[PDB]
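Quick notes on the structure that follows.
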Amino acid sequence: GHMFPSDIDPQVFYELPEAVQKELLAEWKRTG
């Protein structure tokens, strides 16, 4: 992983559905 947690590499995060990406932005914004 890079520019993202530790596992998720940028490409793998963007291979997630756009609505999952959004929810993870809210998860990160509700944990930091």
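Residues are named by chain letter and number: chains run A, B, ... in the order of the structure tokens, numbers start at 1 in each chain, and ligands are numbered from 1 in the order shown.
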
Problem - Contacts of region 1-6 of chain A at 12 Å (only C-alpha atoms; same-chain gap of 6+ positions) as an NGL selection string - result: :A and (12-14 or 21 or 24-25 or 27-28 or 32)

Output as an mmCIF file with N, CA, C and O atoms, in the first residue's frame all residues of chain A that backbone DSSP marks as helix (DSSP H, G or I).
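Final output, saved to part.cif:
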```cif
data_model
loop_
_atom_site.group_PDB
_atom_site.id
_atom_site.type_symbol
_atom_site.label_atom_id
_atom_site.label_comp_id
_atom_site.auth_asym_id
_atom_site.auth_seq_id
_atom_site.Cartn_x
_atom_site.Cartn_y
_atom_site.Cartn_z
ATOM 1 N N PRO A 10 -2.573 2.309 -4.425
ATOM 2 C CA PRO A 10 -3.512 3.282 -4.962
ATOM 3 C C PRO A 10 -4.419 2.650 -6.004
ATOM 4 O O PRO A 10 -5.621 2.893 -5.997
ATOM 5 N N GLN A 11 -3.835 1.824 -6.874
ATOM 6 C CA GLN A 11 -4.589 1.232 -7.957
ATOM 7 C C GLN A 11 -5.679 0.315 -7.395
ATOM 8 O O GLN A 11 -6.826 0.410 -7.817
ATOM 9 N N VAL A 12 -5.331 -0.492 -6.389
ATOM 10 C CA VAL A 12 -6.235 -1.452 -5.772
ATOM 11 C C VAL A 12 -7.364 -0.712 -5.054
ATOM 12 O O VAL A 12 -8.513 -1.152 -5.089
ATOM 13 N N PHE A 13 -7.075 0.438 -4.428
ATOM 14 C CA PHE A 13 -8.138 1.239 -3.846
ATOM 15 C C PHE A 13 -9.087 1.765 -4.923
ATOM 16 O O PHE A 13 -10.292 1.817 -4.696
ATOM 17 N N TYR A 14 -8.582 2.153 -6.093
ATOM 18 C CA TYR A 14 -9.428 2.690 -7.152
ATOM 19 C C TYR A 14 -10.126 1.589 -7.970
ATOM 20 O O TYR A 14 -11.083 1.889 -8.683
ATOM 21 N N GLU A 18 -16.760 2.886 -6.859
ATOM 22 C CA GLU A 18 -16.703 4.310 -6.518
ATOM 23 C C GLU A 18 -17.455 4.624 -5.217
ATOM 24 O O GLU A 18 -16.968 5.386 -4.376
ATOM 25 N N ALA A 19 -18.568 3.931 -4.965
ATOM 26 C CA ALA A 19 -19.315 4.100 -3.731
ATOM 27 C C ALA A 19 -18.623 3.498 -2.508
ATOM 28 O O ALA A 19 -18.802 4.013 -1.405
ATOM 29 N N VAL A 20 -17.813 2.450 -2.680
ATOM 30 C CA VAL A 20 -16.998 1.938 -1.589
ATOM 31 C C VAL A 20 -15.886 2.940 -1.290
ATOM 32 O O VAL A 20 -15.563 3.141 -0.121
ATOM 33 N N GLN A 21 -15.322 3.580 -2.320
ATOM 34 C CA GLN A 21 -14.205 4.493 -2.136
ATOM 35 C C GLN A 21 -14.678 5.642 -1.258
ATOM 36 O O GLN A 21 -14.085 5.949 -0.227
ATOM 37 N N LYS A 22 -15.814 6.214 -1.655
ATOM 38 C CA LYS A 22 -16.544 7.216 -0.901
ATOM 39 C C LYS A 22 -16.772 6.828 0.558
ATOM 40 O O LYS A 22 -16.526 7.658 1.434
ATOM 41 N N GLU A 23 -17.244 5.610 0.827
ATOM 42 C CA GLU A 23 -17.496 5.187 2.205
ATOM 43 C C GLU A 23 -16.184 5.134 2.997
ATOM 44 O O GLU A 23 -16.114 5.635 4.109
ATOM 45 N N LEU A 24 -15.105 4.625 2.401
ATOM 46 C CA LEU A 24 -13.777 4.610 3.008
ATOM 47 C C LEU A 24 -13.245 6.024 3.257
ATOM 48 O O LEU A 24 -12.572 6.230 4.263
ATOM 49 N N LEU A 25 -13.579 7.016 2.420
ATOM 50 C CA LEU A 25 -13.246 8.410 2.709
ATOM 51 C C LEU A 25 -13.969 8.864 3.975
ATOM 52 O O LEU A 25 -13.375 9.579 4.783
ATOM 53 N N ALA A 26 -15.232 8.466 4.156
ATOM 54 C CA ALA A 26 -15.995 8.776 5.355
ATOM 55 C C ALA A 26 -15.482 7.984 6.560
ATOM 56 O O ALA A 26 -15.493 8.528 7.661
ATOM 57 N N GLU A 27 -15.013 6.743 6.376
ATOM 58 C CA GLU A 27 -14.428 5.921 7.427
ATOM 59 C C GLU A 27 -13.150 6.569 7.929
ATOM 60 O O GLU A 27 -12.991 6.826 9.122
ATOM 61 N N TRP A 28 -12.243 6.912 7.017
ATOM 62 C CA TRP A 28 -11.032 7.619 7.380
ATOM 63 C C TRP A 28 -11.413 8.949 8.026
ATOM 64 O O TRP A 28 -10.964 9.212 9.134
ATOM 65 N N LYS A 29 -12.344 9.732 7.466
ATOM 66 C CA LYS A 29 -12.741 10.995 8.091
ATOM 67 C C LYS A 29 -13.522 10.818 9.407
ATOM 68 O O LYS A 29 -13.673 11.817 10.116
#
```
